[PDB]
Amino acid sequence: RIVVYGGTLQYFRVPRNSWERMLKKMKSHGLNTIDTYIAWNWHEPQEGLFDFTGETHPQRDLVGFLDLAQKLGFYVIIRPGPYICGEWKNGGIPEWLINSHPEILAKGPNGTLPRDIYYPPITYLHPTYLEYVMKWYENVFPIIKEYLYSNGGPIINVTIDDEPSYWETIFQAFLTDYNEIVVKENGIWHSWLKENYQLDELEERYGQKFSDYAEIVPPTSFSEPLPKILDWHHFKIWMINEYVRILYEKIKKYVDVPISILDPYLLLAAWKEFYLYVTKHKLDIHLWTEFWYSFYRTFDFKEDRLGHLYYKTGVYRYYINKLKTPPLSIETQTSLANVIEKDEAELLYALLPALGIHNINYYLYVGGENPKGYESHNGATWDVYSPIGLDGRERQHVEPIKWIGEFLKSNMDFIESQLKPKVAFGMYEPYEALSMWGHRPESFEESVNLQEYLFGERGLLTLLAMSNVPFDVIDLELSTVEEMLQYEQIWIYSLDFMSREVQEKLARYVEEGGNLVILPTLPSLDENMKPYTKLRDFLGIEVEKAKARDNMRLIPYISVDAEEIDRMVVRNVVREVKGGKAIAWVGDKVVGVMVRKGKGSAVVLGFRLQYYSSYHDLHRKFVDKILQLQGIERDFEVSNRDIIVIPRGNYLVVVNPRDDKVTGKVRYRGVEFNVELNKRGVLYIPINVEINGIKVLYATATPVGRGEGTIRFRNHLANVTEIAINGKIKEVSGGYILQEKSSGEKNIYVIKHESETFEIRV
């Protein structure tokens, strides 16, 4: 079967006379799939004038492009919007539509938003907007239908809209949408309220009194009750889901290939709402994702990013496991950073398959130019360090792109490998919204700065990645106790509040034999912000009340001690913790404990544990201590803790996240070898695997080609590779045996290779 290995070529931003050259160059890099949008405002340039054949402009020849992709043997992923984002005028929506029907434009709470803002926000469920989208889909889908793979054409998938986020306004609670149709009496907001709550529930949740749903005004400021603001958030998401459902139902009438969506809401925990909604409405949508890190500055992809990458790949693996559809990154950043240096690019691109994403599309692959009148974010240019530049040049990040494709296309044992960690991070969706907004309720003892404490450069999750602790992600609200019990250890970041349903389940998880780590407090309020203390009462742990600081100058530095740990630095307030056995103290004040209940355990830290790097390295040592205390053992040993190992059964992903030489021993599944990673990069090390007949116990290099009794290896990170096979190397090309010893059937070799590449023959 086929690994999708793609590049984005947006035919409408590249000269038609260059399409075939650019596509042949894409094929020479090992790409088997083309991604492109079809832009509504490009193909309907005036109302009612549709051009898919280049009648009015050569780059309107969509049919011509699809014919050429077919002729050259590509699969096509087609993304017809209507919203395509794409740094493109109005994200693909016709200017003439916005100008003749400005009633469709989404409103702020003071009224009309400025008209000169990018991707003019539109009320998705305005019937005038949906009428125009239906006319677009009725014009473009007949073409897509003819070019489906099922009809002997290249199109293997259709994507819905583009990371639909209410036009990148969902990030602000009160920017949108106050259009008359959503807020008028008995409007969309009042109808949603009726569908989801009793009028008595809303009187309770808002602490007000209501005569009908029609007198509940949408919230307008952070001075309103948090549950009301979370309802407005989940309401805007439900309008996005209803829009997606309208598009899906229309697309289904035309196509029989799989239907996909990219990053709903441009959020992650909120995919809980996506999961529940497509389950309820029985929509067979493939969730796809994307990886962007640097905009309009140099690419910056170093160890700082690993918390975010492990969290996002974890949320994605959690959801496609439940939805049971194949993983795909439809946009893997290859543009819009000033330079993309190939070793930083490698650390991102090579970790996608390591973290479960073996179908990959690179965006933007082919640099181009924006036709006059369609500029938005870049003016005329559409070539910001694309792998293939406007003049046909090949830029440096083509190199990792080629090698990863050669590996994935030749190694079906890898795609069948699975990341199966003993450790999960327990995400709580309501926290996402508070963190996004930057909204800390006056009464909260904890900071909503999760970017700093949980996700970023010094985040806990970056700490776990750099501490050699790969982790899955589980939704606390969706997950059952049986699902939580698949994990030996679950880490949870707590703010003031946490639902009764979640705390009851967490309690049963530890009773049943689960191990919890909770920081930097325990919850004191339920989902309705009412006093509630289930975890406190169950664990028999009191946690001091103390107000986290927001003023950067007023955030303290505090030194924490533990067994064999002298003065580990932490930021912001540290809470006394009472109950169970002390495991961390600031002098005499106990600030972390461990408790046992039924078969399980909980560690509670009254501080925010973060990723700091130092000689002393206490942060990573403190992670080892929490694993040791709860009996959590890694499936691997490293003599150098700077070697990152992600186990995938018959492969080990070996990572040096720094441009700094790293050396040491790896032990895994009965075998031990030396690795030498002289710079930043990633290896895919086979373990106890048959490759083209040859039985490899281990190889300290990525197997990158197949032959009759031959293996081609790549080790760009050293000039020395160890291979162990049960069998004999009868010839080495591109290198020579420096060293070998037989042990019955086993032959353990050290090969010295002048370049990155060598072949053996058995």
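When you see a residue number, it is the position in the sequence shown, counting from 1.
Once the C-alpha B-factors are averaged per stretch, 346-354 and 222-230 rank with 222-230 first. Between 473-481 and 295-303, the higher mean Cα B-factor belongs to 473-481.
For the set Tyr319, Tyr311, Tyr363, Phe210, the PDB entry assigns the largest Cα B-factor to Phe210. If you compare the C-alpha temperature factors of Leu105, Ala548, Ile388, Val577 in the entry, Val577 comes out highest. In this PDB entry, the Cα temperature factor of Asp263 sits in the bottom third of its chain's modelled residues, the lowest group.
Among all modelled residues in its chain, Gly681 ranks in the middle third by Cα B-factor.
In the deposited entry, the Cα temperature factor of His619 places it in the middle third of its chain's modelled residues. Annotation for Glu708: C-alpha temperature factor in the highest third relative to the rest of the modelled chain, per the entry. Residue-level temperature factors show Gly30 in the middle third of its chain, judged at the C-alpha atom.
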